[PDB]
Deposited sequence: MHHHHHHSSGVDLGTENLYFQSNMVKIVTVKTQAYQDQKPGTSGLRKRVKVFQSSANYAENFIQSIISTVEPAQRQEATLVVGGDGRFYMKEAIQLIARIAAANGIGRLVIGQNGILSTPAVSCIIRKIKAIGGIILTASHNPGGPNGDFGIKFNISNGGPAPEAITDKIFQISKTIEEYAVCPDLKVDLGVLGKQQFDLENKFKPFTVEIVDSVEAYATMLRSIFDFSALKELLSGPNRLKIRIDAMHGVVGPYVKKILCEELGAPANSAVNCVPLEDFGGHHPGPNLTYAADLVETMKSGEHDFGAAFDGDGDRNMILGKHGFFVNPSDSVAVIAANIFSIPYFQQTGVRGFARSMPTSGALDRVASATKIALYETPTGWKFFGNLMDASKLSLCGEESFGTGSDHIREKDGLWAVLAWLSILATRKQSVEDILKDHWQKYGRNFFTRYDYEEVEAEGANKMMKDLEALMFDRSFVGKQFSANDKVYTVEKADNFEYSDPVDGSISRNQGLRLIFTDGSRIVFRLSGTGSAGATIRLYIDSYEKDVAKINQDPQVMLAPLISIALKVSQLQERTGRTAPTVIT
(Lines of atoms letter the chains of each structure in order from A and count residues from 1; the text may use other names and numbers.)
(Lines give C-alpha, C1' and ligand atoms only; values in the text may rest on other atoms or scores of the structure.)
Protein backbone atom coordinates (compact mmCIF):
# COMPACT_ATOMS: atom_id res chain seq x y z
CA UNK A 1 0.00 0.00 0.00
CA UNK A 2 2.80 2.41 1.01
CA UNK A 3 6.13 2.02 -0.86
CA UNK A 4 9.54 3.71 -1.03
CA UNK A 5 10.87 4.98 -4.36
CA UNK A 6 14.54 3.95 -4.65
CA UNK A 7 17.18 4.68 -7.31
CA UNK A 8 19.51 1.96 -8.65
CA UNK A 9 22.77 2.61 -10.48
CA UNK A 10 22.97 0.48 -13.62
CA UNK A 11 25.31 -0.67 -16.38
CA UNK A 12 23.95 0.05 -19.86
CA UNK A 13 23.66 -2.50 -22.65
CA UNK A 14 24.33 -1.85 -26.34
CA UNK A 15 21.74 -4.01 -28.18
CA UNK A 16 18.47 -2.77 -26.62
CA UNK A 17 16.81 -1.75 -29.90
CA UNK A 18 12.98 -1.83 -29.79
CA UNK A 19 12.86 -2.52 -33.54
CA UNK A 20 9.55 -2.33 -35.35
CA UNK A 21 8.14 -5.21 -33.27
CA UNK A 22 9.59 -5.03 -29.79
CA UNK A 23 12.83 -5.93 -28.05
CA UNK A 24 13.22 -9.72 -28.24
CA UNK A 25 15.81 -11.79 -26.42
CA UNK A 26 15.78 -15.22 -24.87
CA UNK A 27 14.00 -15.24 -21.52
CA UNK A 28 17.35 -16.39 -20.11
CA UNK A 29 18.79 -13.06 -21.26
CA UNK A 30 16.00 -11.14 -19.50
CA UNK A 31 16.46 -13.37 -16.42
CA UNK A 32 20.24 -13.53 -15.92
CA UNK A 33 21.59 -10.40 -17.62
CA UNK A 34 21.49 -7.95 -14.73
CA UNK A 35 18.81 -5.23 -14.87
CA UNK A 36 18.36 -5.91 -18.59
CA UNK A 37 14.58 -5.52 -18.37
CA UNK A 38 14.77 -2.82 -15.66
CA UNK A 39 17.04 -0.83 -18.01
CA UNK A 40 14.86 -0.88 -21.10
CA UNK A 41 11.64 -0.14 -19.19
CA UNK A 42 13.38 2.90 -17.72
CA UNK A 43 14.70 3.96 -21.13
CA UNK A 44 11.22 4.16 -22.55
CA UNK A 45 9.52 5.76 -19.53
CA UNK A 46 12.31 8.33 -19.94
CA UNK A 47 10.82 9.13 -23.38
CA UNK A 48 7.85 11.01 -21.86
CA UNK A 49 8.40 14.45 -20.38
CA UNK A 50 8.32 14.19 -16.56
CA UNK A 51 5.73 16.97 -16.54
CA UNK A 52 3.18 14.73 -18.27
CA UNK A 53 3.73 11.56 -16.25
CA UNK A 54 1.15 12.27 -13.53
CA UNK A 55 -1.46 12.86 -16.26
CA UNK A 56 -0.28 9.76 -18.13
CA UNK A 57 -1.74 6.28 -18.42
CA UNK A 58 0.02 3.27 -19.92
CA UNK A 59 -1.86 0.12 -20.77
CA UNK A 60 0.33 -2.96 -20.32
CA UNK A 61 -0.35 -6.61 -20.90
CA UNK A 62 0.93 -9.56 -22.79
CA UNK A 63 0.34 -12.84 -24.50
CA UNK A 64 1.00 -15.13 -21.55
CA UNK A 65 4.65 -16.00 -22.19
CA UNK A 66 6.69 -17.39 -19.40
CA UNK A 67 8.25 -14.47 -17.45
CA UNK A 68 5.38 -12.04 -18.33
CA UNK A 69 3.88 -11.51 -14.86
CA UNK A 70 7.31 -10.84 -13.37
CA UNK A 71 7.91 -8.22 -16.05
CA UNK A 72 4.54 -6.51 -15.63
CA UNK A 73 5.36 -6.36 -11.90
CA UNK A 74 8.57 -4.70 -13.05
CA UNK A 75 6.91 -2.16 -15.36
CA UNK A 76 4.76 -1.19 -12.40
CA UNK A 77 7.68 -0.53 -10.05
CA UNK A 78 9.47 1.73 -12.53
CA UNK A 79 6.22 3.38 -13.67
CA UNK A 80 5.37 4.34 -10.08
CA UNK A 81 8.79 5.63 -9.03
CA UNK A 82 9.08 7.69 -12.25
CA UNK A 83 5.86 9.61 -11.71
CA UNK A 84 3.60 7.89 -14.22
CA UNK A 85 0.10 8.38 -12.88
CA UNK A 86 -1.70 5.24 -13.94
CA UNK A 87 -1.28 1.77 -15.36
CA UNK A 88 -4.24 -0.21 -16.61
CA UNK A 89 -3.21 -3.86 -16.86
CA UNK A 90 -4.94 -6.92 -18.21
CA UNK A 91 -6.28 -9.31 -15.60
CA UNK A 92 -3.47 -11.82 -15.01
CA UNK A 93 -1.45 -9.55 -17.24
CA UNK A 94 -3.50 -10.85 -20.18
CA UNK A 95 -3.98 -8.43 -23.08
CA UNK A 96 -3.98 -9.37 -26.72
CA UNK A 97 -2.20 -6.95 -29.02
CA UNK A 98 -5.49 -5.92 -30.70
CA UNK A 99 -6.91 -5.33 -27.18
CA UNK A 100 -3.98 -3.10 -26.17
CA UNK A 101 -4.50 -1.05 -29.32
CA UNK A 102 -8.21 -0.83 -28.48
CA UNK A 103 -7.79 0.32 -24.88
CA UNK A 104 -5.15 2.91 -25.85
CA UNK A 105 -7.47 4.68 -28.23
CA UNK A 106 -10.52 4.23 -25.99
CA UNK A 107 -9.03 5.75 -22.84
CA UNK A 108 -6.79 8.14 -24.84
CA UNK A 109 -3.68 6.76 -23.18
CA UNK A 110 -0.18 7.94 -24.09
CA UNK A 111 0.53 4.36 -25.12
CA UNK A 112 1.32 0.84 -24.06
CA UNK A 113 3.98 -1.72 -23.21
CA UNK A 114 2.97 -5.03 -24.79
CA UNK A 115 4.78 -8.07 -23.38
CA UNK A 116 4.83 -10.23 -26.48
CA UNK A 117 7.33 -11.94 -28.72
CA UNK A 118 4.48 -12.76 -31.11
CA UNK A 119 5.09 -16.11 -32.95
CA UNK A 120 8.43 -16.78 -31.21
CA UNK A 121 8.11 -19.55 -28.58
CA UNK A 122 7.69 -18.81 -24.90
CA UNK A 123 8.97 -20.77 -21.92
CA UNK A 124 12.01 -20.82 -19.60
CA UNK A 125 13.99 -21.94 -22.64
CA UNK A 126 11.99 -19.68 -24.97
CA UNK A 127 12.01 -16.09 -26.15
CA UNK A 128 10.49 -12.99 -24.58
CA UNK A 129 9.75 -9.53 -25.93
CA UNK A 130 8.79 -6.02 -24.85
CA UNK A 131 7.01 -3.84 -27.45
CA UNK A 132 6.11 -0.16 -27.12
CA UNK A 133 2.97 1.32 -28.65
CA UNK A 134 2.22 5.05 -28.65
CA UNK A 135 -0.85 7.25 -28.25
CA UNK A 136 -2.59 6.27 -31.48
CA UNK A 137 -2.58 2.62 -30.35
CA UNK A 138 -0.12 1.56 -33.04
CA UNK A 139 3.56 0.61 -33.03
CA UNK A 140 6.13 3.08 -31.77
CA UNK A 141 7.62 4.60 -34.97
CA UNK A 142 11.30 5.01 -35.84
CA UNK A 143 11.84 8.43 -34.25
CA UNK A 144 10.54 7.23 -30.87
CA UNK A 145 12.40 3.92 -31.15
CA UNK A 146 15.63 5.77 -31.92
CA UNK A 147 15.38 8.03 -28.88
CA UNK A 148 14.64 5.00 -26.73
CA UNK A 149 17.63 3.02 -28.01
CA UNK A 150 19.86 6.08 -27.68
CA UNK A 151 18.80 6.20 -24.01
CA UNK A 152 19.34 2.48 -23.38
CA UNK A 153 23.01 2.87 -24.39
CA UNK A 154 23.66 5.57 -21.75
CA UNK A 155 21.34 4.43 -18.90
CA UNK A 156 23.38 4.38 -15.70
CA UNK A 157 20.49 4.62 -13.26
CA UNK A 158 16.77 3.91 -13.09
CA UNK A 159 14.07 4.87 -10.59
CA UNK A 160 12.06 1.99 -9.08
CA UNK A 161 9.86 0.98 -6.12
CA UNK A 162 11.57 -2.28 -5.08
CA UNK A 163 8.77 -3.40 -2.73
CA UNK A 164 5.67 -2.56 -4.77
CA UNK A 165 3.47 -5.56 -5.64
CA UNK A 166 0.44 -5.41 -7.94
CA UNK A 167 -2.23 -8.11 -7.71
CA UNK A 168 -2.98 -8.80 -11.39
CA UNK A 169 -5.64 -11.45 -10.68
CA UNK A 170 -8.19 -9.21 -8.94
CA UNK A 171 -10.16 -6.57 -10.87
CA UNK A 172 -10.52 -2.92 -9.99
CA UNK A 173 -8.23 -0.21 -8.74
CA UNK A 174 -5.07 -0.55 -6.70
CA UNK A 175 -3.71 2.67 -5.21
CA UNK A 176 -0.06 2.96 -4.26
CA UNK A 177 1.17 5.75 -1.99
CA UNK A 178 4.74 6.66 -2.78
CA UNK A 179 6.41 7.85 0.39
CA UNK A 180 7.56 11.45 -0.16
CA UNK A 181 5.28 11.84 -3.17
CA UNK A 182 1.97 13.69 -3.04
CA UNK A 183 -0.06 12.19 -5.90
CA UNK A 184 -0.51 8.40 -5.59
CA UNK A 185 0.25 5.70 -8.12
CA UNK A 186 -2.93 4.03 -9.35
CA UNK A 187 -3.13 0.69 -11.16
CA UNK A 188 -6.44 -0.32 -12.73
CA UNK A 189 -6.80 -4.07 -13.35
CA UNK A 190 -9.29 -4.65 -16.16
CA UNK A 191 -10.98 -7.66 -17.75
CA UNK A 192 -8.78 -8.96 -20.57
CA UNK A 193 -11.63 -9.14 -23.07
CA UNK A 194 -14.26 -6.51 -22.21
CA UNK A 195 -13.05 -3.36 -23.93
CA UNK A 196 -12.12 -5.43 -27.00
CA UNK A 197 -15.45 -7.30 -27.02
CA UNK A 198 -17.31 -4.03 -26.58
CA UNK A 199 -15.52 -2.77 -29.69
CA UNK A 200 -16.25 -5.86 -31.78
CA UNK A 201 -19.86 -5.79 -30.66
CA UNK A 202 -20.08 -2.29 -32.13
CA UNK A 203 -18.61 -3.14 -35.54
CA UNK A 204 -20.28 -6.54 -36.15
CA UNK A 205 -23.86 -7.72 -35.84
CA UNK A 206 -23.50 -10.03 -32.85
CA UNK A 207 -27.26 -10.71 -33.10
CA UNK A 208 -26.73 -12.17 -36.58
CA UNK A 209 -23.51 -13.94 -35.62
CA UNK A 210 -25.46 -15.39 -32.67
CA UNK A 211 -28.19 -16.72 -34.96
CA UNK A 212 -25.73 -18.30 -37.37
CA UNK A 213 -23.58 -19.84 -34.57
CA UNK A 214 -26.37 -21.30 -32.41
CA UNK A 215 -29.15 -23.83 -32.65
CA UNK A 216 -29.33 -27.18 -34.43
CA UNK A 217 -28.73 -25.55 -37.84
CA UNK A 218 -25.62 -23.66 -36.70
CA UNK A 219 -22.54 -23.74 -38.84
CA UNK A 220 -19.86 -25.65 -36.92
CA UNK A 221 -16.67 -23.75 -36.25
CA UNK A 222 -13.36 -24.66 -34.64
CA UNK A 223 -11.17 -21.79 -33.47
CA UNK A 224 -7.62 -22.67 -32.41
CA UNK A 225 -5.91 -20.07 -30.24
CA UNK A 226 -2.62 -22.03 -30.35
CA UNK A 227 -2.48 -21.81 -26.54
CA UNK A 228 -1.98 -18.04 -26.79
CA UNK A 229 -3.69 -14.82 -25.75
CA UNK A 230 -6.80 -15.03 -27.95
CA UNK A 231 -8.09 -18.04 -26.01
CA UNK A 232 -10.15 -16.06 -23.51
CA UNK A 233 -11.44 -13.76 -26.27
CA UNK A 234 -12.68 -16.78 -28.25
CA UNK A 235 -14.39 -18.38 -25.24
CA UNK A 236 -15.85 -15.18 -23.85
CA UNK A 237 -16.98 -13.65 -27.15
CA UNK A 238 -17.38 -16.59 -29.55
CA UNK A 239 -18.73 -19.13 -27.11
CA UNK A 240 -20.34 -17.27 -24.20
CA UNK A 241 -21.82 -14.27 -26.02
CA UNK A 242 -22.63 -15.44 -29.52
CA UNK A 243 -23.40 -18.91 -28.24
CA UNK A 244 -21.02 -21.11 -30.15
CA UNK A 245 -20.74 -24.52 -28.45
CA UNK A 246 -17.85 -24.88 -26.03
CA UNK A 247 -15.85 -27.32 -28.21
CA UNK A 248 -15.40 -24.63 -30.87
CA UNK A 249 -12.71 -23.08 -28.61
CA UNK A 250 -9.63 -25.20 -29.41
CA UNK A 251 -6.49 -24.66 -27.26
CA UNK A 252 -8.01 -21.52 -25.76
CA UNK A 253 -6.31 -21.51 -22.37
CA UNK A 254 -3.10 -19.42 -22.47
CA UNK A 255 -0.01 -21.38 -21.42
CA UNK A 256 3.34 -19.93 -20.36
CA UNK A 257 5.03 -22.10 -23.03
CA UNK A 258 2.10 -22.07 -25.50
CA UNK A 259 1.90 -25.85 -25.08
CA UNK A 260 5.44 -26.73 -26.15
CA UNK A 261 5.31 -25.54 -29.75
CA UNK A 262 5.39 -22.00 -31.00
CA UNK A 263 2.29 -19.82 -31.63
CA UNK A 264 3.04 -19.33 -35.35
CA UNK A 265 0.11 -19.80 -37.80
CA UNK A 266 0.40 -21.88 -40.98
CA UNK A 267 -0.87 -25.14 -42.49
CA UNK A 268 2.14 -26.97 -41.01
CA UNK A 269 2.20 -25.32 -37.56
CA UNK A 270 -1.56 -25.23 -36.91
CA UNK A 271 -1.92 -28.84 -38.11
CA UNK A 272 -3.71 -29.24 -34.79
CA UNK A 273 -6.59 -27.30 -36.33
CA UNK A 274 -5.89 -28.86 -39.73
CA UNK A 275 -6.44 -32.44 -38.55
CA UNK A 276 -9.73 -31.36 -36.99
CA UNK A 277 -10.75 -29.56 -40.18
CA UNK A 278 -9.85 -32.56 -42.36
CA UNK A 279 -12.81 -34.30 -40.68
CA UNK A 280 -15.26 -32.42 -42.88
CA UNK A 281 -17.42 -32.07 -39.77
CA UNK A 282 -16.89 -28.32 -39.44
CA UNK A 283 -17.62 -25.54 -41.88
CA UNK A 284 -14.96 -23.12 -40.74
CA UNK A 285 -11.66 -23.26 -38.90
CA UNK A 286 -9.43 -20.41 -37.82
CA UNK A 287 -6.13 -20.18 -36.01
CA UNK A 288 -4.35 -17.24 -34.35
CA UNK A 289 -0.78 -16.43 -33.49
CA UNK A 290 0.51 -15.74 -29.99
CA UNK A 291 -0.56 -12.14 -29.45
CA UNK A 292 -3.66 -12.17 -31.68
CA UNK A 293 -2.70 -9.97 -34.65
CA UNK A 294 -2.58 -12.78 -37.28
CA UNK A 295 -5.03 -15.41 -38.50
CA UNK A 296 -5.41 -18.44 -40.74
CA UNK A 297 -8.86 -19.16 -42.20
CA UNK A 298 -10.03 -22.66 -43.14
CA UNK A 299 -12.98 -24.19 -44.97
CA UNK A 300 -14.86 -27.46 -44.90
CA UNK A 301 -12.47 -30.43 -45.16
CA UNK A 302 -9.57 -28.08 -44.52
CA UNK A 303 -10.08 -25.97 -47.61
CA UNK A 304 -7.35 -23.38 -47.20
CA UNK A 305 -7.97 -19.67 -47.71
CA UNK A 306 -4.58 -18.18 -48.31
CA UNK A 307 -4.22 -14.79 -46.58
CA UNK A 308 -3.95 -12.76 -49.78
CA UNK A 309 -7.18 -14.36 -51.02
CA UNK A 310 -8.77 -13.74 -47.60
CA UNK A 311 -8.28 -9.96 -47.66
CA UNK A 312 -9.82 -10.01 -51.12
CA UNK A 313 -12.95 -11.99 -50.24
CA UNK A 314 -13.49 -9.66 -47.27
CA UNK A 315 -13.14 -6.65 -49.62
CA UNK A 316 -15.54 -8.38 -52.03
CA UNK A 317 -18.32 -8.75 -49.42
CA UNK A 318 -17.26 -5.90 -47.17
CA UNK A 319 -20.73 -4.41 -46.62
CA UNK A 320 -21.73 -7.64 -44.86
CA UNK A 321 -20.04 -5.89 -41.95
CA UNK A 322 -22.06 -3.10 -40.28
CA UNK A 323 -18.89 -1.09 -39.52
CA UNK A 324 -18.23 -0.57 -43.22
CA UNK A 325 -21.83 0.22 -44.11
CA UNK A 326 -21.44 3.23 -41.81
CA UNK A 327 -17.82 4.16 -42.56
CA UNK A 328 -17.83 3.31 -46.26
CA UNK A 329 -14.68 2.08 -47.95
CA UNK A 330 -11.90 4.65 -47.58
CA UNK A 331 -9.49 2.36 -49.43
CA UNK A 332 -7.64 -0.94 -49.66
CA UNK A 333 -4.02 -1.65 -48.89
CA UNK A 334 -1.69 -4.64 -48.99
CA UNK A 335 2.04 -5.22 -48.73
CA UNK A 336 3.85 -5.27 -52.07
CA UNK A 337 4.63 -9.04 -51.99
CA UNK A 338 1.00 -9.87 -51.26
CA UNK A 339 -0.90 -11.36 -54.22
CA UNK A 340 -2.98 -9.02 -56.35
CA UNK A 341 -6.34 -10.67 -55.63
CA UNK A 342 -7.29 -7.59 -53.61
CA UNK A 343 -6.31 -5.40 -56.59
CA UNK A 344 -8.86 -7.20 -58.72
CA UNK A 345 -11.61 -6.26 -56.26
CA UNK A 346 -10.43 -2.70 -55.72
CA UNK A 347 -10.29 -2.36 -59.51
CA UNK A 348 -13.85 -3.64 -60.02
CA UNK A 349 -15.22 -1.45 -57.23
CA UNK A 350 -13.05 1.56 -58.18
CA UNK A 351 -11.43 1.96 -54.75
CA UNK A 352 -7.83 3.04 -54.14
CA UNK A 353 -5.33 0.24 -53.71
CA UNK A 354 -2.11 1.18 -51.90
CA UNK A 355 0.83 -1.17 -52.47
CA UNK A 356 2.87 -0.85 -49.31
CA UNK A 357 6.33 -2.05 -48.37
CA UNK A 358 6.15 -4.66 -45.66
CA UNK A 359 5.70 -3.12 -42.25
CA UNK A 360 2.91 -1.52 -40.28
CA UNK A 361 3.68 2.22 -40.43
CA UNK A 362 2.55 2.52 -44.05
CA UNK A 363 -0.85 1.03 -43.19
CA UNK A 364 -1.07 3.16 -40.04
CA UNK A 365 -0.29 6.37 -41.90
CA UNK A 366 -2.99 5.66 -44.45
CA UNK A 367 -5.52 4.99 -41.69
CA UNK A 368 -4.63 8.18 -39.82
CA UNK A 369 -5.33 10.03 -43.12
CA UNK A 370 -8.78 8.40 -43.49
CA UNK A 371 -7.86 6.63 -46.72
CA UNK A 372 -7.63 3.01 -45.57
CA UNK A 373 -10.43 0.72 -44.41
CA UNK A 374 -9.06 -2.82 -45.03
CA UNK A 375 -5.43 -3.95 -45.27
CA UNK A 376 -3.97 -7.34 -46.04
CA UNK A 377 -0.66 -9.10 -45.69
CA UNK A 378 0.38 -12.38 -47.31
CA UNK A 379 1.81 -13.42 -43.91
CA UNK A 380 -1.58 -14.14 -42.24
CA UNK A 381 -2.14 -10.44 -41.52
CA UNK A 382 -5.57 -8.87 -41.96
CA UNK A 383 -6.68 -5.63 -40.41
CA UNK A 384 -8.88 -2.58 -40.59
CA UNK A 385 -8.85 1.01 -39.33
CA UNK A 386 -10.85 0.06 -36.25
CA UNK A 387 -7.42 0.03 -34.58
CA UNK A 388 -3.71 0.52 -35.32
CA UNK A 389 -2.61 -3.10 -35.17
CA UNK A 390 -3.64 -6.08 -37.19
CA UNK A 391 -6.39 -8.10 -35.60
CA UNK A 392 -6.86 -11.88 -35.93
CA UNK A 393 -10.17 -12.51 -34.14
CA UNK A 394 -11.60 -9.58 -36.07
CA UNK A 395 -10.84 -11.29 -39.38
CA UNK A 396 -12.75 -14.37 -38.11
CA UNK A 397 -15.85 -12.30 -37.30
CA UNK A 398 -15.67 -10.61 -40.70
CA UNK A 399 -15.62 -14.03 -42.31
CA UNK A 400 -18.51 -15.17 -40.10
CA UNK A 401 -20.65 -12.16 -41.01
CA UNK A 402 -19.84 -12.88 -44.69
CA UNK A 403 -20.78 -16.56 -44.33
CA UNK A 404 -24.04 -15.39 -42.71
CA UNK A 405 -24.85 -12.95 -45.51
CA UNK A 406 -23.74 -15.23 -48.32
CA UNK A 407 -25.09 -18.58 -47.06
CA UNK A 408 -22.47 -20.63 -48.92
CA UNK A 409 -19.54 -22.68 -47.71
CA UNK A 410 -16.10 -21.11 -47.39
CA UNK A 411 -15.09 -23.00 -50.52
CA UNK A 412 -17.99 -22.04 -52.75
CA UNK A 413 -17.31 -18.41 -51.86
CA UNK A 414 -13.69 -18.77 -53.00
CA UNK A 415 -14.75 -20.51 -56.25
CA UNK A 416 -17.28 -17.80 -57.01
CA UNK A 417 -14.73 -15.14 -56.17
CA UNK A 418 -12.20 -16.78 -58.49
CA UNK A 419 -14.76 -17.33 -61.26
CA UNK A 420 -15.81 -13.69 -60.94
CA UNK A 421 -12.42 -12.03 -60.48
CA UNK A 422 -10.02 -14.63 -61.80
CA UNK A 423 -7.61 -16.35 -59.46
CA UNK A 424 -4.32 -15.14 -58.07
CA UNK A 425 -2.53 -18.41 -57.49
CA UNK A 426 0.02 -17.61 -54.83
CA UNK A 427 2.90 -19.17 -52.86
CA UNK A 428 6.04 -17.94 -51.16
CA UNK A 429 9.32 -19.79 -51.01
CA UNK A 430 11.40 -19.37 -47.89
CA UNK A 431 15.08 -20.07 -48.19
CA UNK A 432 16.21 -19.98 -44.57
CA UNK A 433 19.78 -19.47 -43.35
CA UNK A 434 21.38 -19.11 -46.77
CA UNK A 435 24.93 -17.78 -46.89
CA UNK A 436 24.82 -13.97 -47.00
CA UNK A 437 27.39 -13.12 -49.68
CA UNK A 438 25.73 -15.58 -52.06
CA UNK A 439 22.29 -14.23 -51.18
CA UNK A 440 23.41 -10.63 -51.56
CA UNK A 441 25.18 -11.35 -54.85
CA UNK A 442 22.08 -13.12 -56.26
CA UNK A 443 19.95 -10.02 -55.65
CA UNK A 444 22.78 -7.83 -56.88
CA UNK A 445 22.97 -9.57 -60.24
CA UNK A 446 19.26 -10.00 -60.71
CA UNK A 447 18.85 -6.29 -59.98
CA UNK A 448 21.57 -5.42 -62.51
CA UNK A 449 19.96 -7.73 -65.08
CA UNK A 450 16.52 -6.23 -64.49
CA UNK A 451 17.89 -2.72 -65.03
CA UNK A 452 19.23 -3.42 -68.55
CA UNK A 453 16.94 -1.66 -71.04
CA UNK A 454 16.28 -4.89 -72.99
CA UNK A 455 14.65 -6.64 -70.03
CA UNK A 456 11.14 -5.25 -70.37
CA UNK A 457 9.81 -7.16 -73.36
CA UNK A 458 12.04 -10.21 -72.79
CA UNK A 459 9.81 -13.24 -73.14
CA UNK A 460 9.88 -16.57 -71.29
CA UNK A 461 8.16 -19.72 -72.54
CA UNK A 462 6.82 -22.55 -70.38
CA UNK A 463 4.97 -25.86 -70.83
CA UNK A 464 2.21 -23.76 -72.40
CA UNK A 465 2.34 -19.98 -72.04
CA UNK A 466 4.70 -17.07 -72.62
CA UNK A 467 5.03 -14.47 -69.88
CA UNK A 468 6.35 -11.05 -70.94
CA UNK A 469 8.10 -8.69 -68.55
CA UNK A 470 6.02 -5.50 -68.28
CA UNK A 471 8.22 -3.88 -65.61
CA UNK A 472 11.14 -4.79 -63.36
CA UNK A 473 12.64 -2.71 -60.56
CA UNK A 474 13.69 -2.64 -56.95
CA UNK A 475 10.52 -1.57 -55.17
CA UNK A 476 10.59 2.00 -53.88
CA UNK A 477 7.70 3.59 -51.99
CA UNK A 478 7.15 7.29 -51.24
CA UNK A 479 4.97 7.52 -48.17
CA UNK A 480 2.00 9.82 -48.91
CA UNK A 481 1.86 11.05 -45.29
CA UNK A 482 5.13 11.27 -43.36
CA UNK A 483 7.03 11.85 -46.63
CA UNK A 484 9.54 9.03 -46.05
CA UNK A 485 11.11 7.21 -48.98
CA UNK A 486 11.54 3.49 -48.44
CA UNK A 487 13.76 1.87 -51.04
CA UNK A 488 15.35 -1.48 -51.88
CA UNK A 489 12.17 -3.19 -50.66
CA UNK A 490 12.15 -5.97 -53.25
CA UNK A 491 12.92 -6.99 -56.83
CA UNK A 492 9.69 -7.09 -58.84
CA UNK A 493 9.19 -8.87 -62.14
CA UNK A 494 5.78 -7.68 -63.40
CA UNK A 495 4.42 -9.73 -66.30
CA UNK A 496 1.82 -8.45 -68.77
CA UNK A 497 -0.75 -11.15 -67.93
CA UNK A 498 -0.94 -9.87 -64.34
CA UNK A 499 1.59 -12.30 -62.85
CA UNK A 500 4.58 -11.30 -60.72
CA UNK A 501 7.71 -12.72 -59.14
CA UNK A 502 9.21 -10.86 -56.23
CA UNK A 503 12.42 -11.58 -54.34
CA UNK A 504 13.19 -10.22 -50.86
CA UNK A 505 15.89 -10.70 -48.18
CA UNK A 506 14.61 -10.85 -44.62
CA UNK A 507 16.17 -8.82 -41.82
CA UNK A 508 15.16 -10.80 -38.74
CA UNK A 509 21.11 -15.36 -38.12
CA UNK A 510 22.36 -15.64 -41.69
CA UNK A 511 20.23 -14.49 -44.62
CA UNK A 512 16.81 -15.77 -45.60
CA UNK A 513 15.38 -15.51 -49.12
CA UNK A 514 11.68 -15.02 -49.66
CA UNK A 515 10.45 -15.69 -53.17
CA UNK A 516 6.82 -14.73 -53.78
CA UNK A 517 5.11 -16.08 -56.88
CA UNK A 518 1.79 -14.57 -57.98
CA UNK A 519 0.43 -16.35 -61.07
CA UNK A 520 -2.86 -14.85 -62.25
CA UNK A 521 -5.31 -16.83 -64.40
CA UNK A 522 -8.77 -15.90 -65.61
CA UNK A 523 -9.71 -19.06 -67.51
CA UNK A 524 -12.16 -21.38 -65.74
CA UNK A 525 -10.18 -24.33 -67.11
CA UNK A 526 -7.18 -23.14 -65.06
CA UNK A 527 -9.14 -21.70 -62.15
CA UNK A 528 -9.44 -24.71 -59.84
CA UNK A 529 -6.41 -26.73 -60.89
CA UNK A 530 -3.74 -27.55 -58.34
CA UNK A 531 -1.87 -24.38 -57.26
CA UNK A 532 1.67 -25.77 -57.15
CA UNK A 533 1.21 -27.09 -60.72
CA UNK A 534 0.04 -23.71 -62.17
CA UNK A 535 2.71 -21.94 -60.15
CA UNK A 536 5.49 -24.16 -61.58
CA UNK A 537 6.16 -22.18 -64.80
CA UNK A 538 6.76 -18.96 -62.90
CA UNK A 539 8.74 -20.88 -60.29
CA UNK A 540 11.01 -22.31 -62.96
CA UNK A 541 11.28 -18.85 -64.47
CA UNK A 542 12.08 -17.28 -61.10
CA UNK A 543 14.85 -19.73 -60.23
CA UNK A 544 16.48 -19.59 -63.66
CA UNK A 545 16.59 -15.79 -63.89
CA UNK A 546 17.96 -15.47 -60.34
CA UNK A 547 20.36 -18.43 -60.66
CA UNK A 548 19.36 -18.95 -57.03
CA UNK A 549 20.67 -22.51 -56.87
CA UNK A 550 23.94 -21.33 -58.35
CA UNK A 551 24.20 -18.57 -55.75
CA UNK A 552 22.92 -20.47 -52.67
CA UNK A 553 23.44 -24.11 -53.49
CA UNK A 554 19.78 -24.78 -52.68
CA UNK A 555 17.59 -27.13 -54.62
CA UNK A 556 14.51 -26.60 -52.50
CA UNK A 557 13.24 -23.82 -50.25
CA UNK A 558 13.12 -24.51 -46.55
CA UNK A 559 9.37 -23.80 -46.44
CA UNK A 560 6.54 -23.51 -48.99
CA UNK A 561 3.32 -21.74 -48.09
The answer, as deposited-sequence ranges with no C-alpha, is 1-22, 531-532
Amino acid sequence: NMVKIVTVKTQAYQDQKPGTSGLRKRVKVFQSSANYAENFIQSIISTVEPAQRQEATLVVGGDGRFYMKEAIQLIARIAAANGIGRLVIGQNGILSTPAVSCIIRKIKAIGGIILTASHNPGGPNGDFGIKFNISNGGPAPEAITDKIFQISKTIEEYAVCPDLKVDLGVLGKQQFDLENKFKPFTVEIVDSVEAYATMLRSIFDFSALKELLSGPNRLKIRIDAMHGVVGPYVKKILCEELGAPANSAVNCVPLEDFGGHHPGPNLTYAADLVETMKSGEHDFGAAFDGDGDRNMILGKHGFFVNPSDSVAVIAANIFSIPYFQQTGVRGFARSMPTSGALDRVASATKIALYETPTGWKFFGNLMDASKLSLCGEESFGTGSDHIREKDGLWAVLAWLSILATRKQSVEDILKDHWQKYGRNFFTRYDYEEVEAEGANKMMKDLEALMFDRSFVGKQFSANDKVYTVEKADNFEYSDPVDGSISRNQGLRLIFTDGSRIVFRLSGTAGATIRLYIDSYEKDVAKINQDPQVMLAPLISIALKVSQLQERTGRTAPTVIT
From here on, numbers count along this sequence of modelled residues.
Mean C-alpha B factor from the entry: is it higher for 532-540 or for 42-50?
42-50
Comparing mean C-alpha B factor in the record for 475-483 and 225-233, the higher one is 475-483
So among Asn365, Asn488, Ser454, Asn306, who wins on Cα B-factor in the entry?
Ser454
Based on the PDB record, which member of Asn35, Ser519, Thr512, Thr496 exhibits the highest Cα temperature factor?
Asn35
Divide the modelled residues of the chain into thirds by Cα B-factor and specify which third, lowest, middle or highest, holds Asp63.
lowest
State the tercile, meaning the lowest, middle or highest third, of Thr552 with respect to the CA B-factors recorded for its chain.
lowest
Would you please rank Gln174 by its C-alpha temperature factor against the other modelled residues of its chain and give the third it falls in: lowest, middle or highest?
middle
Third of the chain's Cα B-factor distribution that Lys420 belongs to, per the entry:
middle
Considering every modelled residue of the chain and its Cα B-factor in the PDB entry, is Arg492 in the lowest, middle or highest third?
middle
